[PDB]
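Chemist: partial complex here, more coming in a sec:
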Amino acid sequence: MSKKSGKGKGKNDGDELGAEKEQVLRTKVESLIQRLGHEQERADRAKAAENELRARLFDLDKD
Amino acid sequence: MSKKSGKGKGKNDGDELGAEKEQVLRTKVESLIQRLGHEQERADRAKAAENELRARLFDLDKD
Amino acid sequence: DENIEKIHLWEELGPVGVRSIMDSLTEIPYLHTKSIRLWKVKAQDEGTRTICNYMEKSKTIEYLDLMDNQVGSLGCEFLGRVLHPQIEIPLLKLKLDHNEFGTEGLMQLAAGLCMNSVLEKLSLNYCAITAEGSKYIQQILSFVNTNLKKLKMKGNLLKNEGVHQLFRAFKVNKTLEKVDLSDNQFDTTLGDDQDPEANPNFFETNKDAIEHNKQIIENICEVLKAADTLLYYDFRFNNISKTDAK
């Protein structure tokens, strides 16, 4: 059995905290990239909708 | 002052690289957050412009 | 060793994140927080349900600002459940501007919140409050027993009849102070057919619009004159004709 053999070797605490911080930063960067893409799509759709409502003015114009 | 007496002290190359990577990640996060703010502002402004277009117009209709 | 009295988060929490945070709040009997401001954290329906649950559990929060949290009609029904006078939570201010729960969400709220006595001020700008949303606004405003201050529906779609119903409520309202219906498409203008050569029968065709504009303006005048407490009005971004404005 490996009950008491929980030897917590002296892993580099600085290295571990740096790795955790880098992982958190990468996760935040990817989340921000996804949010920026979502907001860019929303802005593109909103700009298209504004233009196409100016065109709906122009739509009645065409009618 | 002018000479090149820059003796190459053996500093912690790994720590320097880690600090550089962390600074780059922070700068990229700041840029991504600023771009996300710009995109959200653009989406909200386009939404408001679309609302005003659907709201007021009616001059073309009456004409 | 300090207590988080105003949990103000402006990052994307999503429905799952909002539910997780709010349910951790529920599981920890933490009654010190007095505000929760989720600015586009995407509380959504599940997050709103969890928030209602923990608000019912705790009854200490007082300043809720769920802006751009994607609160819908089911979230509004849960809010009505939680804020029912049977719950009596102390939430002073409620903000949901740009939260497109709609007037259907307004009904879901009023299901139990029709005659509640909590909010400091209700903001629903760009919430898609329609004319029947103005009907709910009338339900709220026509009440005399009153301890709120500001109800804002700016950027909504109240329009002529929306303002008509809101002023019908104002006629009885005696304590409300501030109201912002700007950007609500309040169009008192009759159009652009005022050139005598342009339209021989313009008046014949638009007498109905003229009468409706006159009625709305008369109601506005009456409410302004008799509003001892109602002393703050925002009719900006509206197509109010020059004669009506004068």
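Modeler: All right, it came through fine. Numbering: from 1, shown residues only, chains lettered A, B, ... in the order given.
Chemist: host element of residue C:94?
Modeler: strand C:93-95 (DSSP states H and E).
Chemist: quick one: contacts of that strand?
Modeler: C:37, C:62-67, C:119-123 (Cβ atoms under 8 Å, 6 or more residues apart in numbering or on different chains). C-beta here means a position set from N, CA and C on the backbone, and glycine is covered the same way.
Chemist: redo that, cut-off 6 Å
Modeler: The contact list for strand C:93-95 (Cβ atoms under 6 Å, 6 or more residues apart in numbering or on different chains) reads C:63-65, C:67, C:119-123.
Chemist: show me what the following helix or strand past that strand is packed up against.
Modeler: Using DSSP H and E, the helix or strand that directly follows strand C:93-95 along the chain is helix C:102-113. Under the contact criterion of 3 or more Cβ pairs under 6 Å, 6 or more residues apart in numbering or on different chains; DSSP states H and E, helix C:102-113 touches helix C:73-83, helix C:131-141.
Chemist: I'd like these laid out as TSV, including distance to residue A:28 and mean neighbour count.
Modeler: Below are those laid out as TSV (distance: least, Cβ to Cβ, whole Å; neighbours: other Cβ atoms under 10 Å in any protein chain shown):
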stretch	distance to residue A:28	mean neighbour count
helix C:73-83	27	23
helix C:131-141	38	22
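Chemist: will you turn these into a markdown table that also has distance to residue C:173?
Modeler: As requested, those are arranged in a markdown table below (distance: least, Cβ to Cβ, whole Å):
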| stretch | distance to residue C:173 |
| --- | --- |
| helix C:73-83 | 21 |
| helix C:131-141 | 5 |
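Chemist: include distance to chain A when you put those into JSON lines, please.
Modeler: Output for the helices and strands packed on helix C:102-113, formatted as JSON lines (distance: least, Cβ to the nearest Cβ, whole Å):
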{"stretch": "helix C:73-83", "distance to chain A": "21"}
{"stretch": "helix C:131-141", "distance to chain A": "21"}
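Chemist: tell me the contacts of the residue in chain A positioned nearest to chain C?
Modeler: Closest residue of chain A to chain C, Cβ to the nearest Cβ: residue A:35 (5.6 Å). Counting by Cβ under 6 Å, 6+ apart, residue A:35 touches B:36, C:12.
Chemist: any idea which helix or strand carries it?
Modeler: Assigned by DSSP H and E, residue A:35 falls in helix A:13-62.
Chemist: check the offset of that helix from the chain's centre.
Modeler: 8 Å (Cα atoms, centre = their mean, to the nearest Å).
Chemist: the following sequence is to be added as chain D:
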Amino acid sequence: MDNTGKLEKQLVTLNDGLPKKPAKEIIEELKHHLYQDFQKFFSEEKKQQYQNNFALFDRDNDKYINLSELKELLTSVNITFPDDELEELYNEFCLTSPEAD
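Modeler: The block that follows adds chain D to the chains above:
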């Protein structure tokens, strides 16, 4: 020591947790809870009859009924009220409608 002092009468100052909210909401739970209370008093059958009677006696159908029509509906549905109390309550709720007749 020596058991000196002291008894002070506790005059409760009116500065403890008043409703933080001014002029549209916090007085409304009284009537909302009254609404929830009558729900046990009344069966749904008579509500429609009383709504019909209100419509009958509200000639202009504007949700507002004058004192005369109010007393007419009172007599119709057996609302035995003194003139004083009837007019008192009618004006009490009319003051809530200063711009409504």
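Chemist: chain D added, so what about the contacts of strand C:93-95 now?
Modeler: C:63-65, C:67, C:119-123.
Chemist: what angle sits between the helix holding residue A:35 and helix B:13-55?
Modeler: 20 degrees (axes from the mean of the first three to the mean of the last three Cα atoms, to 10 degrees).
Chemist: give me the number of residues near the closest residue to chain B within chain A?
Modeler: Nearest to chain B in chain A, going by Cβ to the nearest Cβ, is residue A:46, at a distance of 3.1 Å. Other residues within reach of residue A:46 by the criterion other Cβ atoms under 10 Å in any protein chain shown amount to 19.
Chemist: also residue A:8?
Modeler: Count around residue A:8 with other Cβ under 10 Å applied: 5.
Chemist: which strand or helix spans it?
Modeler: Using DSSP H and E, residue A:8 maps to neither a helix nor a strand.
Chemist: what's the closest non-adjacent residue to residue C:216?
Modeler: Take residue C:216 and drop its neighbours on the chain: the residue closest to it by Cβ to Cβ, 6 or more residues apart in numbering or on different chains is residue C:164, 5.3 Å away.
Chemist: pull up the gap between that neighbour and residue C:183, please.
Modeler: 18 Å (Cβ to Cβ, to the nearest Å).
Chemist: look at these two and report which has more neighbours.
Modeler: More crowded of residue C:164 and residue C:183, by other Cβ under 10 Å: residue C:183, with 23 against 18.
Chemist: confirm for me that the more buried one is in contact with residue C:155.
Modeler: Yes. With contact defined as Cβ atoms under 6 Å, residue C:183 and residue C:155 form a contacting pair (4.2 Å).
Chemist: residues touching the residue of chain A closest to chain B, list them.
Modeler: B:43, B:46-47.
Chemist: check residue C:82 too.
Modeler: Contacts of residue C:82 by Cβ under 6 Å, 6+ apart are C:52, C:55-56.
Chemist: show me where chain C has strands.
Modeler: C:6-9, C:35-39, C:63-67, C:93-95, C:121-123, C:150-152, C:178-180, C:232-234 (DSSP state E).
Chemist: the third one pairs with which strands?
Modeler: Right, strand C:63-67. Strand pairing for strand C:63-67, using DSSP bridges, gives strand C:35-39 (parallel), strand C:93-95 (parallel).
Chemist: and that strand, how far out from the chain's middle?
Modeler: So, by Cα atoms, centre = their mean, the centroid of strand C:63-67 is 13 Å from its chain's centroid.
Chemist: what is the orientation angle of that strand with helix C:73-83?
Modeler: 180 degrees.
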